[PDB]
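1. please work out how this folds:
(one chain, ligands or ions: 1)
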Amino acid sequence: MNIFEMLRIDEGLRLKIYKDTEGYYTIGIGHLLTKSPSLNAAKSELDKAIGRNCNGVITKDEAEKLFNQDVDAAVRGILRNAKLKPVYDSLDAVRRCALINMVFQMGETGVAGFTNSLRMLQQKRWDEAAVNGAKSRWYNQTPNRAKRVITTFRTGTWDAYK
Ligand SMILES: Cc1ccc(C)cc1
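-> Numbering: from 1, shown residues only. Please see the structure below:
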């Protein structure tokens, strides 16, 4: 299993503009287009991201391109983030993936807010981190996804995904 396969399970793949769980316009494999209520704004954003007149629809190929860019962006974001980098550097391969997943989902800022959890991760206090990270809006809004990422952090294995 790898990051792409992981994220592909958690986000799905939709070729037509759709509303994510918070009601935001998205497309592909979890690619947020805009936080604005307007489908037009969404459609504009899409054309601009794709480089053509998509008319709210993209191809698999296009979805995968956006996905490749977003995953790269998440990794580079972590590596540039003063708060995130050390955590990332301290983790084993599987757990790194879990951190990449969260960042992809909620952005650097959002993840950087799990101060106490990050600290525990850094101290290799797996069980405590899992319990603390569960006390969050994130967990309460998308419990199933959250549980899968949390188990990955807790155990360092891909069990939650197999
Ligand atoms: C940021 C974060 C760290 C650890 C867990 C278990 C959940 C979230």
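
2. which residue sits farthest out from the middle of the protein?
-> Going by Cα atoms, centre = their mean, the residue of the chain most distant from its centre is residue 53, 26.9 Å out.

3. what residues does the protein have near the ligand?
-> 102, 111, 114, 117-118, 121, 129-130, 133, 150, 153 (Cβ under 6 Å from any ligand atom). In this view, the C-beta of every residue, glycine as well, is placed from N, C-alpha and C.

4. go again using 5 Å as the cut-off
-> Residues of the chain found near the ligand (Cβ under 5 Å from any ligand atom) are 114, 117, 121, 129-130, 133, 150, 153.

5. and the closest residue to the residue farthest from the centre of the chain other than its chain neighbours, what element?
-> Once flanking residues are discounted, residue 53 sits nearest to residue 47: 5.7 Å by Cβ to Cβ, 6 or more residues apart in numbering. In this structure, residue 47 is located in helix 39-50 according to DSSP states H and E.

6. is residue 24 in contact with residue 32, as I believe?
-> Yes - contact criterion Cβ atoms under 8 Å: residue 24 and residue 32 qualify, at 5.9 Å.

7. quick revisit: just give me the closest of the residues of the chain next to the ligand to the ligand.
-> Of all these, the ligand sits closest to residue 133, with 2.6 Å by Cβ to the nearest ligand atom.

8. mind listing the strands for the chain?
-> Remark: strands assigned in the chain by DSSP state E are 14-19, 25-28, 31-34.

9. could you check how far residue 18 is from the ligand?
-> Applying Cβ to the nearest ligand atom, to the nearest Å, the value for residue 18 to the ligand is 26 Å.

10. likewise residue 33?
-> With distances taken as Cβ to the nearest ligand atom, residue 33 is found 25 Å from the ligand.

11. list the contacts for that residue?
-> Counting by Cβ atoms under 8 Å, 6 or more residues apart in numbering, residue 33 makes contact with 17, 24-27, 42, 45-46, 49.

12. try 6 Å this time
-> 25, 42, 45-46 (Cβ atoms under 6 Å, 6 or more residues apart in numbering).

13. Serialize those residues to TSV and add fields for neighbour count.
-> Output for these, formatted as TSV (neighbours: other Cβ atoms under 10 Å):
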residue	neighbour count
25	23
42	23
45	19
46	25
